[PDB]
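Just below is one structure, and these are the notes that go with it.
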Amino acid sequence: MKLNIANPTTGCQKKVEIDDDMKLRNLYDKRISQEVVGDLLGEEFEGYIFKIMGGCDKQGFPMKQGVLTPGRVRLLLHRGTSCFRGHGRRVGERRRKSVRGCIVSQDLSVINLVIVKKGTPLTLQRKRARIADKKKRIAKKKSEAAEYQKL
Amino acid sequence: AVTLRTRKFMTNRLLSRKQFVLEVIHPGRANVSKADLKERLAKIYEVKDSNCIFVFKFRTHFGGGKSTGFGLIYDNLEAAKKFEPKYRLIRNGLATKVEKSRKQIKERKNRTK
Amino acid sequence: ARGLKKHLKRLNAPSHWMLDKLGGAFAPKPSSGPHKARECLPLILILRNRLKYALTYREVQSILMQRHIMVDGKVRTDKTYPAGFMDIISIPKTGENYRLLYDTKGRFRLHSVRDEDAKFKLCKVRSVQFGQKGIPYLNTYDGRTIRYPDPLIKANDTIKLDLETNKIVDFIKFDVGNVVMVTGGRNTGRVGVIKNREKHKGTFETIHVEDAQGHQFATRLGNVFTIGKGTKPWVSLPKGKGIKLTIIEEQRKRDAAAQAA
RNA sequence: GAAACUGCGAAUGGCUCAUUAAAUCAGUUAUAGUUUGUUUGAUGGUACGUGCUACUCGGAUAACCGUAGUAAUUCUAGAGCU
RNA sequence: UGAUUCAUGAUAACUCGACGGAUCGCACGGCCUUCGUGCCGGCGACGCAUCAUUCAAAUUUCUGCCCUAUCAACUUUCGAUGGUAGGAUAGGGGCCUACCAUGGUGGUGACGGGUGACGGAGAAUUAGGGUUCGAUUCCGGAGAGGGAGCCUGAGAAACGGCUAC
Ligand SMILES: [Mg+2]
Ligand SMILES: [Mg+2]
Ligand SMILES: [Mg+2]
Ligand SMILES: [Mg+2]
Ligand SMILES: [Mg+2]
Ligand SMILES: [Mg+2]
Ligand SMILES: [Mg+2]
Ligand SMILES: [Mg+2]
Ligand SMILES: [Mg+2]
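Chains as they are written, first to last, in the deposited numbering: chain gb, 1 to 119, 185 to 216; chain ba, 9 to 121; chain ja, 2 to 262.
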């Protein structure tokens, strides 16, 4: 419903709200990472290419890539990964979270889109210190092996 | 009219101190304050600094008249600073103390960032 | 349990650590080190309890991370280091050497040494056998390993290890007729010259020993530790020359001590 | 120097005795029938070059900035640095 | 070595190789080859792999436990005892599979049943012999409301971790 607009080219972001069916029949039924042209998103987005990427809803449960069903399905995730960054969770833990599907549909709240088109000396010491002691290792060999060999 | 003697005395220049078990005898006297013992120990060891002394664990044996305890004479106040438990310094007033309240000493604060 | 046990409560701490019963719940729990943690003595028990150079846990921590303490000739910051038999502790601030030796009662003493009799240590060999590319090597009971060992050195023998060239300087062939200093069991501490060694197929081979003043005992091959070839040991024995004496005689010696005082 | 990323620990302690009668456990064996962070000691050729003494340096990422969902909680999406 | 086709070496190859350092600190200091932080080189930290060691564990051998026969037969299709071949495991092993054999235990008490039964060191009473007890702070085991299944990790079938009922 409510659009987040951000551009990487300038670095600026802001949020607006739309409520028009014939404006968003083209917004629906699309997945994460699909381009949308701003022609029809509103007469003052022409040329602007919006990218549907992200998007969470009311009850605050996000959309996840790869799950394609306009439901709120429960998934077992891994910490740090998409739609699961639980902190203080003893690495290797998994939780069964609630997520939305990846094809945008009616019951969301906030849809995120982005804009594609606007219409030393110490090291010098250490390298040869390593070379020095690795070569004294082999000199120590060629002493202390033959010392025993001669017997 | 009190006396003052030490025993079990050993000097370890590891922790740069001279450590003893003193065996004070104060017949008639109720007891002797540690402060009151400071000047006597200082003037019998000429430690050049009556603050290098830290004496404790006094008993006053059953029947009265004789008390024991430990004593620590440092040779640089620098070493007295560094090799000392935090509370004998506070007893001699060389440092001050603070108090705790441990609600979100760490618990609630482990939640936000 | 589900993993290593890292606390050792005070009453489980072995008998020869001499530490008292009511001083607290726990005991220093020697770290996994060069000595078997049942036949050891941690550095805290060395500093605090015996030498009294410190009076608490933290004070020994201060002693050790001043970098003052030395084991086998190299400084050691650990505080539950499992020192063992004939480990040398030097304190160069005090120019003072100890070599950690048993007494006849089975407890550790700190027998002092000079520098010439501190430059080296002494330990037996667990086993000599091959390694990578066919080079022989031996493994001691001290953890130490030696490569290219003197091809005469066998298992059960004893070696001296200088703390600068860090290799053999000599080795004593474990044999009848040279002195030992048993390091486990009831006979631990008692020095004495082997008179016999009997082997049994499939189990422990025992050594019969005599205290140079007559008394005779036996112990299996595990706890013998030959010191010197012949009667003369190559290490300065403690105050009582490794003779365990009856409790009656420990009474007579104290009577004779008081009657001349 | 706070915060955060990376590392380690959280498998110890602590409480209780529900289960369980050759079983757990005790003395004593065994591993040549095995795994072991670490501590301690030793150890370390050639990566291609047609073995003729080595031939060059990547973004993305937390904390931070900014923009949000939710009633919500160490619940959560996206943009921008390193 | 009591005992090994042992340790270990050599050789033929094999592997989409984990590995064989693109890491971090103070202390400055001999001397020009182009006098160029110049040729240098030490003391440490952290780390990677093999062996040994240490802290351990796991499996394990003999012997040892209370009352009950109104508990004299129990186990065996579906592992019960063994053999082989193999899989799985860190590893032995019916731990599992395929095939073959029909075995194993039992009046010296199997199997089952009771326990207001975790085992032990030990506690009370004790002339000797014994009788009763042992939840409990030391050791070993087990368990996290009941079960079951797992990830991270050297180590957990972990609950001051998760997944399901
Ligand atoms: Mg426990
Ligand atoms: Mg420790
Ligand atoms: Mg098999
Ligand atoms: Mg019960
Ligand atoms: Mg217990
Ligand atoms: Mg409950
Ligand atoms: Mg458990
Ligand atoms: Mg569990
Ligand atoms: Mg709890």
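Yeah, the Cβ is synthetic: ideal placement off N, Cα and C, and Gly gets one too.
{"Asked": "C-beta contact flag for gb/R96 and gb/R74 at 9 Å", "Found": "yes"}
{"Asked": "Stretch pair the region 35-42 of chain ba + the region 85-94 of chain ba: three plus CB contacts closer than 8 Å", "Found": "no"}
{"Asked": "Beta carbon of gb/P62 nearer than 9 Å to that of gb/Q106", "Found": "no"}
{"Asked": "Nearest-angstrom beta carbon gap, ja/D158 and ja/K125 [assumed within contact, 8 Å]", "Found": "7 Å"}
{"Asked": "ja/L52 versus ba/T76 - alpha carbon distance", "Found": "21 Å"}
{"Asked": "Chain-ordered neighbours of gb/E209 on chain ja, where CB pairs are closer than 9 Å", "Found": "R148, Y149, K168"}
{"Asked": "ja/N167 versus ja/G203: straight-line alpha-carbon distance, rounded", "Found": "36 Å"}
{"Asked": "Within chain ja, partners of gb/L216 - CB distance below 9 Å", "Found": "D151, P152"}
{"Asked": "CB of ja/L65 within 9 Å of CB of ja/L42, strictly", "Found": "no"}
{"Asked": "Meets three-Cβ-pair contact criterion under 8 Å: the region 83-91 of chain ja and the region 100-108 of chain ja", "Found": "yes"}
{"Asked": "Neighbour list for ja/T95 in chain ba, Cβ cutoff strictly below 9 Å", "Found": "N20, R21, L22"}
{"Asked": "Which of helix, strand or coil DSSP assigns to ja/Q67", "Found": "coil"}
{"Asked": "Segment contact flag, the region 30-44 of chain gb with the region 52-61 of chain gb, C-beta cutoff 8 Å, min 3 pairs", "Found": "yes"}
{"Asked": "Residues of the region 87-111 of chain ja whose Cβ lies closer than 9 Å to any Cβ of chain ba, in chain order", "Found": "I92, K94, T95"}
{"Asked": "Selection from ja/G4, ja/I70, ja/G107, ja/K22 that minimises the alpha carbon distance to ja/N188", "Found": "ja/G107"}
{"Asked": "Interface flag, ja/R51 vs chain ba, CB-CB below 9 Å", "Found": "no"}
{"Asked": "Of the listed residues ba/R13, ba/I61, ba/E31, nearest to ba/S24 (C-alpha basis)", "Found": "ba/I61"}
{"Asked": "Environment of ba/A9 [buried if 16+ CB atoms lie within 10 Å]", "Found": "exposed"}
{"Asked": "Closer than 7 Å at the beta carbon, the chain ba residues around ja/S63", "Found": "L23, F91"}
{"Asked": "Residues bridged to gb/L68 [DSSP beta-bridge criterion]", "Found": "In the DSSP output, where bridge partners are listed per residue, gb/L68 has none listed."}
{"Asked": "Distance cut-off 8 Å: ja/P15 Cβ against heavy atoms of ligand 2", "Found": "no"}
{"Asked": "Paired residues, beta bridge with ba/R99 - DSSP", "Found": "DSSP lists no partner for ba/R99."}
{"Asked": "Cβ neighbours of ja/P150 in the same chain (closer than 6 Å, five flanking residues each side left out)", "Found": "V129, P137, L139"}
{"Asked": "Near ligand 7: ja/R198 beta-carbon under 8 Å from a heavy atom", "Found": "no"}
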